[PDB]
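Contents: one structure, followed by commentary.
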Amino acid sequence: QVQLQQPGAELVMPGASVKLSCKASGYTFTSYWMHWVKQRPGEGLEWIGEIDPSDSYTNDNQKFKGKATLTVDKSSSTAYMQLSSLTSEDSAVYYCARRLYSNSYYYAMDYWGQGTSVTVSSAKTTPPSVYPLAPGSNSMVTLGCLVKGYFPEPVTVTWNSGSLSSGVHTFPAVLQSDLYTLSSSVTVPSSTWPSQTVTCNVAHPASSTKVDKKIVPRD
Amino acid sequence: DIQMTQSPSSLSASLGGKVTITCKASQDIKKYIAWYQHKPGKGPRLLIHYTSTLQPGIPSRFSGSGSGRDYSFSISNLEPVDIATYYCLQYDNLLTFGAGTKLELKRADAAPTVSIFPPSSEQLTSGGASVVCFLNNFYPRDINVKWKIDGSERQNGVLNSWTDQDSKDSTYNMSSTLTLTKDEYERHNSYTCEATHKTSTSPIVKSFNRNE
């Protein structure tokens, strides 16, 4: 029942600072140390530092001196990491993790939080354009829709309000002109479309966008 | 400072097979090494610490061995739930993670189902034009997609996206998009995406003609 609770994702501008939190429960806070770990998109884990909550002793990765500052609040069983003077190189998922019981200076972690995604960017919230993908002209027919030029993540795509689920593929977004683009596909029997309506339902919560785009043969 | 050199960066394993990952430290770490499993969207999970000591609950098919500077981690009788990314960690002097090993499940080859789509009328009212190609349910992940416009290869302006390996049949899917200006698109009639893959000697070709 060890629990490490971390905020969901955050978005800040270059030059800002953030103070990440990690709320621990299920054990005696002061009897176990706490670690922080960085993970850049598509890269590996990188240790930042550890802190002893009983007396706020810390040791750290020298690459983060002047960048990361670890503290605790014993009365609330929360650990904090402040990141200063942020740049795009600081965009990453940041994890807290409890240390195995130990009186040593350095020791491995056991339970991890789920991580806080921090994005450092000057881009602005932008709703996507939603484009239907209809074929040229076969027993299974594949349709799709292109969700182009939105920020920030995520977007959700369903087909026929969820009635079509088999053979649905949604692809990871890519950066294009410093906005995100993604696509989704559905494969149905050729007796189903265009005889029956196939509609892709796109939602981009950050922009309050909800678009229902019917797929019809190209003009 | 202790550097950790973990190998390999990526591995393919067969169901029921045996996986080995090695980790080499720049100095003696006196068996203070741990191994972590990491799956997308979840926190990592400690499997082994002090070189060979399994945490309670971790399956016996995970194991670790080593001393001094040289260590390894093994999975025997590999099961689908073991497909993940794995990391070593030294904690003898500060902490240092190795670069990570990505596992994939080796399965039977599969040729892609290929589909090509013209720009929509809606996008063409905006002066941009995207041609999209989907390549679904193929294995291995190693695939070469080429765009040809009126017979000539177009290499620039293409963006690709791969799904993760499918949890139900271990295949991959891929999306390739060629984004042009509207006038560039209207200068040509024939658009082709062709995929070269282990599953066929000749490419899988899908085309359309803009004026048809």
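Please note that chains go A, B, ... in the order of the structure tokens, that every chain numbers its residues from 1, and that ligands are numbered from 1 in the order shown.
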message: I'd like the contact shell of residue A:63 - 12 Å cut-off, only C-alpha atoms, skipping same-chain residues fewer than 5 positions apart - returned as a count of residues only.
response: 7
message: Using only C-alpha atoms, which protein or nucleic acid residues come within 6 Å of stretch 28-42 of chain B? Drop anything in the same chain fewer than 2 positions from it, and give the result as a PyMOL selection string.
response: (chain A and resi 114) or (chain B and resi 44-51+67-69+84-92)
Produce a file of the selected residues containing C-alpha atoms, as an mmCIF file, in the first residue's frame.
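Heads up, here's the output in selection.cif:
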```cif
data_model
loop_
_atom_site.group_PDB
_atom_site.id
_atom_site.type_symbol
_atom_site.label_atom_id
_atom_site.label_comp_id
_atom_site.auth_asym_id
_atom_site.auth_seq_id
_atom_site.Cartn_x
_atom_site.Cartn_y
_atom_site.Cartn_z
ATOM 1 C CA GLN A 114 3.783 7.493 -12.049
ATOM 2 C CA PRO B 44 9.215 1.444 -13.346
ATOM 3 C CA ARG B 45 9.307 -1.688 -11.186
ATOM 4 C CA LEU B 46 12.267 -3.029 -9.209
ATOM 5 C CA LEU B 47 13.021 -6.645 -10.181
ATOM 6 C CA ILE B 48 16.436 -7.461 -8.674
ATOM 7 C CA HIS B 49 18.912 -5.699 -6.419
ATOM 8 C CA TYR B 50 22.347 -6.583 -5.063
ATOM 9 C CA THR B 51 23.136 -8.329 -8.391
ATOM 10 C CA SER B 67 30.784 -9.221 -9.505
ATOM 11 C CA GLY B 68 33.373 -6.483 -9.742
ATOM 12 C CA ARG B 69 32.630 -4.441 -12.883
ATOM 13 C CA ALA B 84 9.223 -4.014 -21.844
ATOM 14 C CA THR B 85 12.274 -1.767 -21.463
ATOM 15 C CA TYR B 86 14.860 -2.800 -18.856
ATOM 16 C CA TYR B 87 17.454 -0.678 -16.995
ATOM 17 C CA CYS B 88 20.412 -1.465 -14.766
ATOM 18 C CA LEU B 89 21.339 0.858 -11.891
ATOM 19 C CA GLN B 90 24.558 1.101 -9.852
ATOM 20 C CA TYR B 91 24.273 2.536 -6.333
ATOM 21 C CA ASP B 92 27.789 1.957 -4.964
#
```
Please report, as an mmCIF file with N, CA and C atoms, in the first residue's frame, each residue of chain A to which DSSP assigns strand (DSSP E) when run on this structure's backbone.
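Full text of result.cif as output:
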```cif
data_model
loop_
_atom_site.group_PDB
_atom_site.id
_atom_site.type_symbol
_atom_site.label_atom_id
_atom_site.label_comp_id
_atom_site.auth_asym_id
_atom_site.auth_seq_id
_atom_site.Cartn_x
_atom_site.Cartn_y
_atom_site.Cartn_z
ATOM 1 N N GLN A 3 2.173 4.328 -1.624
ATOM 2 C CA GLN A 3 1.625 5.146 -2.695
ATOM 3 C C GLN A 3 2.437 6.424 -2.824
ATOM 4 N N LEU A 4 2.850 6.752 -4.047
ATOM 5 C CA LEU A 4 3.555 7.998 -4.323
ATOM 6 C C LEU A 4 2.708 8.750 -5.337
ATOM 7 N N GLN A 5 2.152 9.895 -4.943
ATOM 8 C CA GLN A 5 1.176 10.591 -5.775
ATOM 9 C C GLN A 5 1.810 11.838 -6.379
ATOM 10 N N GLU A 10 2.305 19.102 -16.858
ATOM 11 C CA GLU A 10 2.387 20.548 -16.721
ATOM 12 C C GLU A 10 3.008 21.143 -17.976
ATOM 13 N N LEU A 11 2.623 22.382 -18.286
ATOM 14 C CA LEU A 11 3.135 23.078 -19.461
ATOM 15 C C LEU A 11 3.555 24.476 -19.036
ATOM 16 N N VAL A 12 4.831 24.819 -19.235
ATOM 17 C CA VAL A 12 5.332 26.132 -18.845
ATOM 18 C C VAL A 12 6.235 26.664 -19.944
ATOM 19 N N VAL A 18 9.516 25.457 -11.855
ATOM 20 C CA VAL A 18 8.434 24.632 -11.337
ATOM 21 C C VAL A 18 8.921 23.965 -10.067
ATOM 22 N N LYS A 19 7.971 23.613 -9.210
ATOM 23 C CA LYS A 19 8.277 22.881 -7.989
ATOM 24 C C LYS A 19 7.341 21.682 -7.975
ATOM 25 N N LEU A 20 7.904 20.520 -8.286
ATOM 26 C CA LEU A 20 7.151 19.285 -8.399
ATOM 27 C C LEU A 20 6.948 18.672 -7.021
ATOM 28 N N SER A 21 5.825 17.989 -6.852
ATOM 29 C CA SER A 21 5.456 17.423 -5.571
ATOM 30 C C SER A 21 5.276 15.918 -5.689
ATOM 31 N N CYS A 22 5.440 15.254 -4.554
ATOM 32 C CA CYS A 22 5.340 13.799 -4.480
ATOM 33 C C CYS A 22 4.803 13.480 -3.095
ATOM 34 N N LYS A 23 3.540 13.062 -3.036
ATOM 35 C CA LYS A 23 2.828 12.825 -1.789
ATOM 36 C C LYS A 23 2.875 11.335 -1.493
ATOM 37 N N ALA A 24 3.496 10.975 -0.381
ATOM 38 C CA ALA A 24 3.724 9.580 -0.055
ATOM 39 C C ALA A 24 2.734 9.138 1.010
ATOM 40 N N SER A 25 2.326 7.874 0.923
ATOM 41 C CA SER A 25 1.432 7.287 1.910
ATOM 42 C C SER A 25 1.680 5.789 1.958
ATOM 43 N N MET A 34 13.956 9.459 -0.430
ATOM 44 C CA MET A 34 13.219 9.691 -1.661
ATOM 45 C C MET A 34 14.191 10.090 -2.757
ATOM 46 N N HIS A 35 13.997 9.538 -3.961
ATOM 47 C CA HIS A 35 14.785 9.840 -5.146
ATOM 48 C C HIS A 35 13.941 10.636 -6.132
ATOM 49 N N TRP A 36 14.630 11.363 -7.027
ATOM 50 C CA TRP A 36 14.017 11.960 -8.210
ATOM 51 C C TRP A 36 14.828 11.563 -9.433
ATOM 52 N N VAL A 37 14.131 11.318 -10.543
ATOM 53 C CA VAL A 37 14.697 10.743 -11.762
ATOM 54 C C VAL A 37 14.054 11.459 -12.946
ATOM 55 N N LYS A 38 14.851 11.772 -13.977
ATOM 56 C CA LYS A 38 14.394 12.451 -15.194
ATOM 57 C C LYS A 38 14.350 11.466 -16.360
ATOM 58 N N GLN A 39 13.359 11.611 -17.254
ATOM 59 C CA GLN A 39 13.332 10.818 -18.486
ATOM 60 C C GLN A 39 12.880 11.703 -19.644
ATOM 61 N N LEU A 45 16.433 6.707 -18.417
ATOM 62 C CA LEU A 45 16.295 7.272 -17.081
ATOM 63 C C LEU A 45 17.601 7.899 -16.632
ATOM 64 N N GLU A 46 17.511 9.054 -15.967
ATOM 65 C CA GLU A 46 18.688 9.756 -15.463
ATOM 66 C C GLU A 46 18.452 10.191 -14.021
ATOM 67 N N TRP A 47 19.277 9.702 -13.105
ATOM 68 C CA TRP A 47 19.110 10.051 -11.698
ATOM 69 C C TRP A 47 19.449 11.519 -11.457
ATOM 70 N N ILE A 48 18.621 12.183 -10.636
ATOM 71 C CA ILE A 48 18.804 13.581 -10.258
ATOM 72 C C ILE A 48 19.390 13.683 -8.848
ATOM 73 N N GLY A 49 18.732 13.092 -7.847
ATOM 74 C CA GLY A 49 19.251 13.182 -6.479
ATOM 75 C C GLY A 49 18.379 12.419 -5.506
ATOM 76 N N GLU A 50 18.848 12.342 -4.251
ATOM 77 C CA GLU A 50 18.091 11.686 -3.186
ATOM 78 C C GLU A 50 18.126 12.558 -1.941
ATOM 79 N N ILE A 51 17.094 12.433 -1.094
ATOM 80 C CA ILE A 51 16.999 13.228 0.130
ATOM 81 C C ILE A 51 16.528 12.348 1.273
ATOM 82 N N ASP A 52 17.108 12.573 2.452
ATOM 83 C CA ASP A 52 16.697 11.887 3.667
ATOM 84 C C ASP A 52 15.662 12.768 4.349
ATOM 85 N N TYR A 57 19.118 15.877 4.602
ATOM 86 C CA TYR A 57 20.383 15.612 3.925
ATOM 87 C C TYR A 57 20.118 15.184 2.477
ATOM 88 N N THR A 58 20.957 15.646 1.538
ATOM 89 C CA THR A 58 20.822 15.254 0.133
ATOM 90 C C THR A 58 22.182 14.968 -0.488
ATOM 91 N N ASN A 59 22.185 14.109 -1.511
ATOM 92 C CA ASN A 59 23.293 14.048 -2.458
ATOM 93 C C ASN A 59 22.700 13.933 -3.857
ATOM 94 N N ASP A 60 23.454 14.367 -4.865
ATOM 95 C CA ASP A 60 22.828 14.572 -6.160
ATOM 96 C C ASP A 60 23.805 14.313 -7.299
ATOM 97 N N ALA A 68 18.324 21.602 -9.988
ATOM 98 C CA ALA A 68 17.345 20.901 -9.163
ATOM 99 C C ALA A 68 17.657 21.119 -7.690
ATOM 100 N N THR A 69 16.603 21.322 -6.898
ATOM 101 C CA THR A 69 16.698 21.524 -5.457
ATOM 102 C C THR A 69 15.648 20.648 -4.792
ATOM 103 N N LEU A 70 16.078 19.743 -3.926
ATOM 104 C CA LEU A 70 15.173 18.801 -3.280
ATOM 105 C C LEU A 70 14.876 19.258 -1.859
ATOM 106 N N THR A 71 13.599 19.192 -1.458
ATOM 107 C CA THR A 71 13.194 19.446 -0.075
ATOM 108 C C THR A 71 12.064 18.487 0.298
ATOM 109 N N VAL A 72 11.709 18.472 1.590
ATOM 110 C CA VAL A 72 10.565 17.708 2.074
ATOM 111 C C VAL A 72 9.728 18.587 2.994
ATOM 112 N N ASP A 73 8.487 18.162 3.208
ATOM 113 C CA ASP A 73 7.621 18.712 4.255
ATOM 114 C C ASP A 73 7.138 17.528 5.089
ATOM 115 N N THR A 78 5.255 14.909 2.121
ATOM 116 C CA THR A 78 5.450 15.290 0.727
ATOM 117 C C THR A 78 6.913 15.646 0.464
ATOM 118 N N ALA A 79 7.436 15.194 -0.678
ATOM 119 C CA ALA A 79 8.760 15.563 -1.152
ATOM 120 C C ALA A 79 8.615 16.486 -2.356
ATOM 121 N N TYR A 80 9.559 17.412 -2.508
ATOM 122 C CA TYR A 80 9.490 18.432 -3.546
ATOM 123 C C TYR A 80 10.802 18.490 -4.320
ATOM 124 N N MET A 81 10.712 18.803 -5.608
ATOM 125 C CA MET A 81 11.900 19.114 -6.404
ATOM 126 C C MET A 81 11.625 20.376 -7.199
ATOM 127 N N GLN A 82 12.433 21.410 -6.970
ATOM 128 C CA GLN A 82 12.330 22.656 -7.717
ATOM 129 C C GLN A 82 13.312 22.626 -8.880
ATOM 130 N N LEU A 83 12.819 22.953 -10.075
ATOM 131 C CA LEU A 83 13.625 23.051 -11.286
ATOM 132 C C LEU A 83 13.627 24.503 -11.736
ATOM 133 N N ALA A 92 10.520 16.681 -20.002
ATOM 134 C CA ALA A 92 10.818 15.329 -19.551
ATOM 135 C C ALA A 92 9.701 14.873 -18.630
ATOM 136 N N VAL A 93 9.640 13.566 -18.404
ATOM 137 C CA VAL A 93 8.852 13.028 -17.305
ATOM 138 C C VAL A 93 9.777 12.953 -16.103
ATOM 139 N N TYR A 94 9.299 13.433 -14.966
ATOM 140 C CA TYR A 94 10.049 13.441 -13.716
ATOM 141 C C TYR A 94 9.342 12.500 -12.753
ATOM 142 N N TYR A 95 10.073 11.513 -12.235
ATOM 143 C CA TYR A 95 9.539 10.527 -11.306
ATOM 144 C C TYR A 95 10.081 10.778 -9.907
ATOM 145 N N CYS A 96 9.255 10.564 -8.883
ATOM 146 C CA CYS A 96 9.826 10.318 -7.565
ATOM 147 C C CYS A 96 9.781 8.820 -7.279
ATOM 148 N N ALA A 97 10.727 8.347 -6.466
ATOM 149 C CA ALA A 97 10.735 6.943 -6.090
ATOM 150 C C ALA A 97 11.243 6.804 -4.658
ATOM 151 N N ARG A 98 10.626 5.904 -3.889
ATOM 152 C CA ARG A 98 11.088 5.642 -2.531
ATOM 153 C C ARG A 98 12.346 4.776 -2.552
ATOM 154 N N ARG A 99 13.276 5.078 -1.660
ATOM 155 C CA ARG A 99 14.455 4.248 -1.505
ATOM 156 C C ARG A 99 14.114 3.018 -0.676
ATOM 157 N N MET A 109 16.205 2.315 -5.423
ATOM 158 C CA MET A 109 14.805 2.645 -5.172
ATOM 159 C C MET A 109 13.934 1.399 -5.324
ATOM 160 N N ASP A 110 12.787 1.367 -4.627
ATOM 161 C CA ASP A 110 11.837 0.267 -4.809
ATOM 162 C C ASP A 110 10.557 0.735 -5.494
ATOM 163 N N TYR A 111 9.733 1.563 -4.856
ATOM 164 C CA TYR A 111 8.447 1.964 -5.426
ATOM 165 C C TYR A 111 8.569 3.314 -6.127
ATOM 166 N N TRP A 112 8.036 3.407 -7.346
ATOM 167 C CA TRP A 112 8.084 4.627 -8.145
ATOM 168 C C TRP A 112 6.715 5.286 -8.241
ATOM 169 N N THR A 116 5.552 12.971 -13.457
ATOM 170 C CA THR A 116 4.930 14.205 -13.922
ATOM 171 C C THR A 116 5.591 14.612 -15.224
ATOM 172 N N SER A 117 4.811 14.675 -16.294
ATOM 173 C CA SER A 117 5.322 15.176 -17.563
ATOM 174 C C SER A 117 5.404 16.698 -17.498
ATOM 175 N N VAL A 118 6.581 17.257 -17.769
ATOM 176 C CA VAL A 118 6.765 18.707 -17.796
ATOM 177 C C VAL A 118 7.211 19.088 -19.201
ATOM 178 N N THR A 119 6.435 19.936 -19.872
ATOM 179 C CA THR A 119 6.807 20.435 -21.193
ATOM 180 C C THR A 119 7.172 21.906 -21.078
ATOM 181 N N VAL A 120 8.294 22.283 -21.668
ATOM 182 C CA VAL A 120 8.790 23.649 -21.633
ATOM 183 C C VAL A 120 8.703 24.146 -23.067
ATOM 184 N N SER A 129 -7.095 20.948 -37.279
ATOM 185 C CA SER A 129 -7.959 20.708 -38.426
ATOM 186 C C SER A 129 -8.124 19.202 -38.605
ATOM 187 N N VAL A 130 -9.342 18.774 -38.920
ATOM 188 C CA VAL A 130 -9.680 17.346 -38.994
ATOM 189 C C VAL A 130 -10.041 17.021 -40.438
ATOM 190 N N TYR A 131 -9.270 16.143 -41.065
ATOM 191 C CA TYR A 131 -9.460 15.872 -42.480
ATOM 192 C C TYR A 131 -9.829 14.411 -42.712
ATOM 193 N N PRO A 132 -10.885 14.135 -43.475
ATOM 194 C CA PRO A 132 -11.247 12.744 -43.756
ATOM 195 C C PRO A 132 -10.304 12.127 -44.779
ATOM 196 N N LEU A 133 -10.037 10.838 -44.613
ATOM 197 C CA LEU A 133 -9.189 10.082 -45.538
ATOM 198 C C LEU A 133 -10.068 9.004 -46.161
ATOM 199 N N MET A 140 -11.987 -5.804 -47.713
ATOM 200 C CA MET A 140 -11.859 -4.900 -46.575
ATOM 201 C C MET A 140 -11.413 -3.536 -47.085
ATOM 202 N N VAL A 141 -12.080 -2.487 -46.629
ATOM 203 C CA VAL A 141 -11.734 -1.129 -47.019
ATOM 204 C C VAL A 141 -11.226 -0.391 -45.791
ATOM 205 N N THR A 142 -10.139 0.349 -45.962
ATOM 206 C CA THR A 142 -9.541 1.102 -44.870
ATOM 207 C C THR A 142 -9.841 2.576 -45.078
ATOM 208 N N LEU A 143 -10.332 3.226 -44.027
ATOM 209 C CA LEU A 143 -10.609 4.654 -43.994
ATOM 210 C C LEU A 143 -9.747 5.285 -42.910
ATOM 211 N N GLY A 144 -9.703 6.610 -42.883
ATOM 212 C CA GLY A 144 -8.969 7.215 -41.790
ATOM 213 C C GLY A 144 -9.327 8.671 -41.609
ATOM 214 N N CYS A 145 -8.693 9.294 -40.628
ATOM 215 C CA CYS A 145 -8.766 10.745 -40.583
ATOM 216 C C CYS A 145 -7.467 11.312 -40.046
ATOM 217 N N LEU A 146 -7.151 12.494 -40.547
ATOM 218 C CA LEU A 146 -5.907 13.189 -40.268
ATOM 219 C C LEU A 146 -6.219 14.359 -39.345
ATOM 220 N N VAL A 147 -5.565 14.391 -38.190
ATOM 221 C CA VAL A 147 -5.780 15.395 -37.147
ATOM 222 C C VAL A 147 -4.530 16.270 -37.125
ATOM 223 N N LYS A 148 -4.604 17.432 -37.759
ATOM 224 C CA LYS A 148 -3.407 18.169 -38.133
ATOM 225 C C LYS A 148 -3.298 19.507 -37.408
ATOM 226 N N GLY A 149 -2.125 19.760 -36.833
ATOM 227 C CA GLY A 149 -1.761 21.086 -36.364
ATOM 228 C C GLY A 149 -2.330 21.523 -35.027
ATOM 229 N N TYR A 150 -2.247 20.678 -34.001
ATOM 230 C CA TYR A 150 -2.806 21.003 -32.695
ATOM 231 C C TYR A 150 -1.724 21.043 -31.620
ATOM 232 N N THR A 156 -8.093 12.580 -28.681
ATOM 233 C CA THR A 156 -8.714 11.262 -28.725
ATOM 234 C C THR A 156 -9.497 11.116 -30.024
ATOM 235 N N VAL A 157 -9.472 9.911 -30.601
ATOM 236 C CA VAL A 157 -10.225 9.610 -31.817
ATOM 237 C C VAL A 157 -11.042 8.350 -31.573
ATOM 238 N N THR A 158 -12.345 8.428 -31.820
ATOM 239 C CA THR A 158 -13.192 7.248 -31.884
ATOM 240 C C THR A 158 -13.906 7.215 -33.233
ATOM 241 N N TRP A 159 -14.499 6.070 -33.539
ATOM 242 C CA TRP A 159 -15.168 5.836 -34.811
ATOM 243 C C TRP A 159 -16.604 5.395 -34.558
ATOM 244 N N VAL A 168 -9.229 -0.679 -35.478
ATOM 245 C CA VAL A 168 -8.953 0.748 -35.305
ATOM 246 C C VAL A 168 -7.500 0.908 -34.872
ATOM 247 N N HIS A 169 -6.747 1.737 -35.592
ATOM 248 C CA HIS A 169 -5.365 2.038 -35.239
ATOM 249 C C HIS A 169 -5.212 3.549 -35.174
ATOM 250 N N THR A 170 -4.698 4.060 -34.058
ATOM 251 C CA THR A 170 -4.384 5.478 -33.933
ATOM 252 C C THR A 170 -2.881 5.635 -33.760
ATOM 253 N N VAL A 174 3.275 13.203 -34.305
ATOM 254 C CA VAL A 174 4.596 13.671 -34.694
ATOM 255 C C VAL A 174 4.550 15.190 -34.725
ATOM 256 N N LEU A 175 5.724 15.807 -34.589
ATOM 257 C CA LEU A 175 5.858 17.256 -34.688
ATOM 258 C C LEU A 175 5.985 17.646 -36.147
ATOM 259 N N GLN A 176 5.215 18.648 -36.556
ATOM 260 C CA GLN A 176 5.269 19.159 -37.918
ATOM 261 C C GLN A 176 4.997 20.649 -37.823
ATOM 262 N N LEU A 179 3.832 22.027 -34.452
ATOM 263 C CA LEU A 179 2.547 21.595 -33.912
ATOM 264 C C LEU A 179 2.462 20.084 -34.090
ATOM 265 N N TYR A 180 1.495 19.454 -33.434
ATOM 266 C CA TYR A 180 1.357 18.002 -33.527
ATOM 267 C C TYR A 180 0.427 17.584 -34.660
ATOM 268 N N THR A 181 0.722 16.430 -35.254
ATOM 269 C CA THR A 181 -0.167 15.844 -36.249
ATOM 270 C C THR A 181 -0.296 14.360 -35.946
ATOM 271 N N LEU A 182 -1.517 13.835 -36.028
ATOM 272 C CA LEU A 182 -1.707 12.392 -35.907
ATOM 273 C C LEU A 182 -2.740 11.901 -36.911
ATOM 274 N N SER A 183 -2.783 10.587 -37.075
ATOM 275 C CA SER A 183 -3.765 9.969 -37.943
ATOM 276 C C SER A 183 -4.336 8.744 -37.242
ATOM 277 N N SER A 184 -5.511 8.336 -37.706
ATOM 278 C CA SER A 184 -6.221 7.170 -37.195
ATOM 279 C C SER A 184 -6.828 6.425 -38.372
ATOM 280 N N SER A 185 -6.881 5.099 -38.281
ATOM 281 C CA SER A 185 -7.462 4.320 -39.357
ATOM 282 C C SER A 185 -8.454 3.322 -38.783
ATOM 283 N N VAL A 186 -9.427 2.959 -39.613
ATOM 284 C CA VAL A 186 -10.392 1.908 -39.311
ATOM 285 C C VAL A 186 -10.565 1.071 -40.569
ATOM 286 N N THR A 187 -10.671 -0.240 -40.401
ATOM 287 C CA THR A 187 -10.896 -1.134 -41.525
ATOM 288 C C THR A 187 -12.245 -1.815 -41.350
ATOM 289 N N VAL A 188 -13.098 -1.703 -42.363
ATOM 290 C CA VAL A 188 -14.442 -2.271 -42.300
ATOM 291 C C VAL A 188 -14.676 -3.114 -43.549
ATOM 292 N N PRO A 189 -15.677 -4.000 -43.518
ATOM 293 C CA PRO A 189 -16.027 -4.738 -44.737
ATOM 294 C C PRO A 189 -16.476 -3.785 -45.836
ATOM 295 N N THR A 199 -17.996 7.648 -39.437
ATOM 296 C CA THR A 199 -17.693 8.982 -38.938
ATOM 297 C C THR A 199 -16.560 8.861 -37.932
ATOM 298 N N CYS A 200 -15.550 9.722 -38.038
ATOM 299 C CA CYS A 200 -14.501 9.770 -37.026
ATOM 300 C C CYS A 200 -14.821 10.908 -36.064
ATOM 301 N N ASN A 201 -14.723 10.626 -34.774
ATOM 302 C CA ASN A 201 -15.028 11.595 -33.726
ATOM 303 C C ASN A 201 -13.721 12.009 -33.068
ATOM 304 N N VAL A 202 -13.363 13.285 -33.190
ATOM 305 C CA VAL A 202 -12.088 13.803 -32.705
ATOM 306 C C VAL A 202 -12.370 14.787 -31.578
ATOM 307 N N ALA A 203 -11.652 14.644 -30.464
ATOM 308 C CA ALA A 203 -11.732 15.584 -29.349
ATOM 309 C C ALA A 203 -10.333 16.070 -28.982
ATOM 310 N N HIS A 204 -10.191 17.386 -28.831
ATOM 311 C CA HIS A 204 -8.970 18.021 -28.350
ATOM 312 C C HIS A 204 -9.378 18.836 -27.130
ATOM 313 N N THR A 209 -12.249 21.469 -28.550
ATOM 314 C CA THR A 209 -12.623 21.057 -29.903
ATOM 315 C C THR A 209 -13.291 19.687 -29.868
ATOM 316 N N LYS A 210 -14.444 19.585 -30.522
ATOM 317 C CA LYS A 210 -15.121 18.317 -30.758
ATOM 318 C C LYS A 210 -15.622 18.352 -32.188
ATOM 319 N N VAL A 211 -15.100 17.461 -33.029
ATOM 320 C CA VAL A 211 -15.438 17.428 -34.449
ATOM 321 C C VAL A 211 -15.864 16.012 -34.803
ATOM 322 N N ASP A 212 -17.005 15.883 -35.486
ATOM 323 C CA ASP A 212 -17.480 14.614 -36.025
ATOM 324 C C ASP A 212 -17.425 14.729 -37.543
ATOM 325 N N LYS A 213 -16.570 13.925 -38.162
ATOM 326 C CA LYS A 213 -16.261 14.057 -39.578
ATOM 327 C C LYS A 213 -16.705 12.786 -40.287
ATOM 328 N N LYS A 214 -17.753 12.897 -41.092
ATOM 329 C CA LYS A 214 -18.213 11.762 -41.878
ATOM 330 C C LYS A 214 -17.248 11.494 -43.032
#
```
Residues of chain B in alpha helix (DSSP H), written as a PyMOL selection string: chain B and resi 121-124+182-186
Just to be explicit: take each residue in the selection above, keep C-alpha atoms, and write the result as a PDB file, in the first residue's frame.
```pdb
ATOM      1  CA  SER B 121     -11.398  18.649 -50.407  1.00  0.00           C
ATOM      2  CA  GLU B 122     -11.394  20.338 -46.995  1.00  0.00           C
ATOM      3  CA  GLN B 123      -7.610  20.516 -46.784  1.00  0.00           C
ATOM      4  CA  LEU B 124      -7.291  21.738 -50.379  1.00  0.00           C
ATOM      5  CA  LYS B 182      -1.460  22.746 -52.872  1.00  0.00           C
ATOM      6  CA  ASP B 183       0.160  23.932 -56.109  1.00  0.00           C
ATOM      7  CA  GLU B 184       2.916  21.310 -55.796  1.00  0.00           C
ATOM      8  CA  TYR B 185       0.201  18.660 -55.390  1.00  0.00           C
ATOM      9  CA  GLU B 186      -1.713  20.011 -58.383  1.00  0.00           C
TER      10      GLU B 186
END
```
message: Quick check, in Å to one decimal: how far apart do atom CA of residue B:104 and atom CA of residue B:197 lie?
response: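 Pair atom CA of residue B:104 / atom CA of residue B:197 returns 18.1 Å.
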field: Between atom CA of residue A:135 and atom CA of residue B:115 - distance in Å to one decimal
entry: 7.6 Å
